[PDB]
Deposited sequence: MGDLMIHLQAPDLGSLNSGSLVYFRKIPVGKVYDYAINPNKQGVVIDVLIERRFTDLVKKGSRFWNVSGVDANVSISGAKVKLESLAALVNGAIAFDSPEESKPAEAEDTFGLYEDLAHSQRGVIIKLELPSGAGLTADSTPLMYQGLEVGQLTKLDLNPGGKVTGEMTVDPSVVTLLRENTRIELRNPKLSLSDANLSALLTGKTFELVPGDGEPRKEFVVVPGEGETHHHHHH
């Protein structure tokens, strides 16, 4: 049936019982419960993977925090979640196994680098500007190069599961900030520019040109 595993995270963050566990945008599990371990700094988190998607969790799978935007209420628009990968050459995860919750996709070292050229570097920050997919963070801009002349390039580390979603017809759009308000204490996922992954068919590729989209 459903698969119960345990994550060791150095701090709980925005997670809580009810937080969802994603595999390529699709939620497959839920944070069931957690409890402070009197041994280390963090906390053990009980993750319940649903019966359908038990096979995706492998002994070599890694888990990392991700953020999502589904729609005070302004700050509550961003909530924490967990994503993971499905290693192809790994045995299926046994029941009650224990994993470590990595800080982000970069900390897990499981992300895949994608090359991009950008029309402008305005509003884009390395290791901050994320790659969004229907409200879920699936990647992040990891380096931005302003070459002398105006030609701007940059790389982006993406979730290994969404590599299938990146093909020739796939476009990576630069989106204006969803929220333009006077409060600057808000998350950059609302106040800053983001990239949006719109999947398309075709041959797989890892190099894209970004065009602003509505």
property	result
Missing residue ranges, deposited sequence indexing starting at 1	1, 73 to 83, 227 to 235
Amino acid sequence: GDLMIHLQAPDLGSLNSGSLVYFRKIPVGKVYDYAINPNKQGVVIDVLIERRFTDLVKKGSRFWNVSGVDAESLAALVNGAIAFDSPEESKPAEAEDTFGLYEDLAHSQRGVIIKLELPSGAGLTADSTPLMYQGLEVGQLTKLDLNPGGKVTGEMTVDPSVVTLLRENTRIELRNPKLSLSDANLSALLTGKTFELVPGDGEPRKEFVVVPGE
From here on, numbers count along this sequence of modelled residues.
query	finding
53 to 61 versus 175 to 183 - greater average Cα B-factor per the deposited record	175 to 183
Average Cα temperature factor in the PDB entry - higher stretch of 6 to 14, 202 to 210	202 to 210
Member of 38, 160, 29, 68 with the greatest C-alpha B factor (per the PDB record)	38
Highest recorded Cα temperature factor - choice among 73, 134, 142, 108	73
Residue 82 - which third its CA temperature factor falls in, relative to the rest of the chain	lowest
Relative C-alpha B-factor of residue 93, binned into the chain's lowest, middle or highest third	highest
CA B-factor placement of residue 103, once the chain's modelled residues are sorted into thirds	lowest
Position of residue 156 among the chain's modelled residues by C-alpha B-factor, lowest, middle or highest third	middle
Chain-relative CA temperature factor third for residue 33	middle
